[PDB]
Amino acid sequence: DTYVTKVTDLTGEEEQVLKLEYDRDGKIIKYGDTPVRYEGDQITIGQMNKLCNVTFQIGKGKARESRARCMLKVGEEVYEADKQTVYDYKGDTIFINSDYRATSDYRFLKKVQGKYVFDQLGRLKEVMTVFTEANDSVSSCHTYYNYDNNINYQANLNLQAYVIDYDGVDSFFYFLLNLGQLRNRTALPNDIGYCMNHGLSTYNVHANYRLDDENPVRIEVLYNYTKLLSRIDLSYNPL
């Protein structure tokens, strides 16, 4: 189980190289300039840029609920919001329910409801998300994942977090640090399909991975074979 020491996000014309640090037990204590603290039954992740912080409540080996402070783009403007989330498990299936309120006057801003459905092998097969806006207007997405190419990796982090469907940087860390204590932290989807608002729009992408002796050293998501949508470069070297 090899350790990721450097992650490099390629967002536009400029790079973003983040150094990852670990304690004597292998626990992540830094993701770039974002610290990760462990106090009793809690995990607190510091500032990100987007996310101001998130505190996860750990119960019986899994995150049960979380609270985050973040910036939320609602209409045209962005609000300093408070996010309240609960994590529920029924078999392998994961229910994520989040409520966004303004820090200032507690005004309700957004509701996000996500369903993560896994197959027999523990692979994430489908993600269903429902977004309720302040005006009660509803949008949804159904995401489907294909594993026919049988791409498998071995790493300390749950690298699926760099390609799967989640709401917010707190959900990114929730999956990346395996706070849901997922049965399969080995498979990578080769293709992803999106069906928005029951067919009003659809989108299909391909995930491309270059592996350096079983470790993914590059994660790419492409549209129509050539339009690069995201590129994450990873290092496993101690430095």
# chains A, B, ... in the order shown; residues from 1 in each chain; ligands from 1
>>> residues_around(residues="residue 107 of chain A", least_positions_apart="6", cutoff="12 Å", atoms="only C-alpha atoms", output="short mmCIF file (atom, residue, chain, number, x, y, z; two decimals) with N, CA, C and O atoms, in the first residue's frame")
data_model
loop_
_atom_site.label_atom_id
_atom_site.label_comp_id
_atom_site.auth_asym_id
_atom_site.auth_seq_id
_atom_site.Cartn_x
_atom_site.Cartn_y
_atom_site.Cartn_z
N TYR A 79 -22.13 33.33 -1.09
CA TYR A 79 -22.44 33.54 0.33
C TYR A 79 -21.57 32.70 1.27
O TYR A 79 -21.26 31.55 0.95
N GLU A 80 -21.21 33.28 2.44
CA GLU A 80 -20.49 32.54 3.48
C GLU A 80 -21.53 31.69 4.16
O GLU A 80 -22.41 32.21 4.86
N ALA A 81 -21.50 30.40 3.85
CA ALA A 81 -22.49 29.45 4.28
C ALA A 81 -21.99 28.47 5.34
O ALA A 81 -20.79 28.28 5.50
N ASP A 82 -22.95 27.88 6.08
CA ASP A 82 -22.74 26.81 7.03
C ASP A 82 -23.42 25.57 6.47
O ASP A 82 -24.60 25.62 6.10
N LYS A 83 -22.62 24.48 6.33
CA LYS A 83 -23.07 23.21 5.79
C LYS A 83 -23.19 22.16 6.90
O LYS A 83 -22.24 21.91 7.64
N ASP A 99 -27.41 20.33 4.22
CA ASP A 99 -28.20 21.55 4.29
C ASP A 99 -27.27 22.71 4.43
O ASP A 99 -26.37 22.70 5.29
N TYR A 100 -27.44 23.67 3.51
CA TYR A 100 -26.68 24.90 3.43
C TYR A 100 -27.49 26.07 3.90
O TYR A 100 -28.55 26.34 3.34
N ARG A 101 -27.00 26.78 4.93
CA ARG A 101 -27.58 28.00 5.50
C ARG A 101 -26.53 29.13 5.53
O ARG A 101 -25.35 28.86 5.72
N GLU A 133 -33.02 24.13 -4.44
CA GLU A 133 -32.61 25.52 -4.28
C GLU A 133 -33.57 26.23 -3.33
O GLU A 133 -34.65 25.70 -3.06
N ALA A 134 -33.16 27.40 -2.80
CA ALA A 134 -33.92 28.22 -1.84
C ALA A 134 -35.38 28.48 -2.30
O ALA A 134 -36.30 28.42 -1.47
N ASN A 135 -35.59 28.70 -3.63
CA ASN A 135 -36.91 28.95 -4.24
C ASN A 135 -37.74 27.65 -4.44
O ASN A 135 -38.84 27.72 -5.01
#
>>> residues_around(residues="residue 131 of chain A", least_positions_apart="4", cutoff="10 Å", atoms="only C-alpha atoms", output="mmCIF file with C-alpha atoms, in the first residue's frame")
data_model
loop_
_atom_site.group_PDB
_atom_site.id
_atom_site.type_symbol
_atom_site.label_atom_id
_atom_site.label_comp_id
_atom_site.auth_asym_id
_atom_site.auth_seq_id
_atom_site.Cartn_x
_atom_site.Cartn_y
_atom_site.Cartn_z
ATOM 1 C CA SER A 98 -26.541 18.300 3.280
ATOM 2 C CA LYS A 110 -29.473 24.850 -0.639
ATOM 3 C CA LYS A 111 -30.301 21.156 0.018
ATOM 4 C CA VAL A 112 -28.226 18.358 -1.596
ATOM 5 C CA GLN A 113 -29.274 14.665 -1.343
ATOM 6 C CA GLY A 114 -26.939 11.996 -2.673
ATOM 7 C CA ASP A 136 -37.796 25.123 -4.012
ATOM 8 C CA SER A 137 -36.641 24.619 -7.694
ATOM 9 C CA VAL A 138 -35.231 21.083 -8.164
ATOM 10 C CA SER A 139 -32.502 19.701 -10.400
ATOM 11 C CA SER A 140 -31.072 16.176 -10.413
ATOM 12 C CA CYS A 141 -28.332 13.967 -11.823
ATOM 13 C CA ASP A 167 -20.985 17.834 -3.440
#
>>> residues_around(residues="residue 213 of chain A", least_positions_apart="5", cutoff="12 Å", atoms="only C-alpha atoms", output="list in words")
residues 2, 152, 153, 154, 155 and 236 of chain A
>>> write_last_selection(atoms="C-alpha atoms", output="JSON list (two decimals), in the first residue's frame")
[["chain", "number", "residue", "atom", "x", "y", "z"],
["A", 2, "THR", "CA", 2.16, 2.91, -1.42],
["A", 152, "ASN", "CA", -7.01, -1.57, -10.36],
["A", 153, "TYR", "CA", -4.54, 0.30, -8.25],
["A", 154, "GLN", "CA", -2.84, 0.13, -4.87],
["A", 155, "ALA", "CA", -2.41, 3.42, -2.94],
["A", 236, "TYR", "CA", 4.78, 8.38, -4.50]]
>>> select_by_dssp(residues="segment 2-135 of chain A", states="strand (DSSP E or B)", output="PyMOL selection string")
chain A and resi 6-11+14-22+28-31+34-39+42-45+51-59+62-73+78-90+93-102+108-118+124-133
>>> select_by_dssp(residues="segment 12-187 of chain A", states="helix (DSSP H, G or I)", output="PyMOL selection string")
chain A and resi 159-162+169-176
>>> residues_around(residues="residue 64 of chain A", least_positions_apart="2", cutoff="10 Å", atoms="only C-alpha atoms", output="list in words")
residues 56, 57, 58, 59, 60, 61, 62, 66, 85, 86, 87, 88, 89, 96, 179 and 180 of chain A
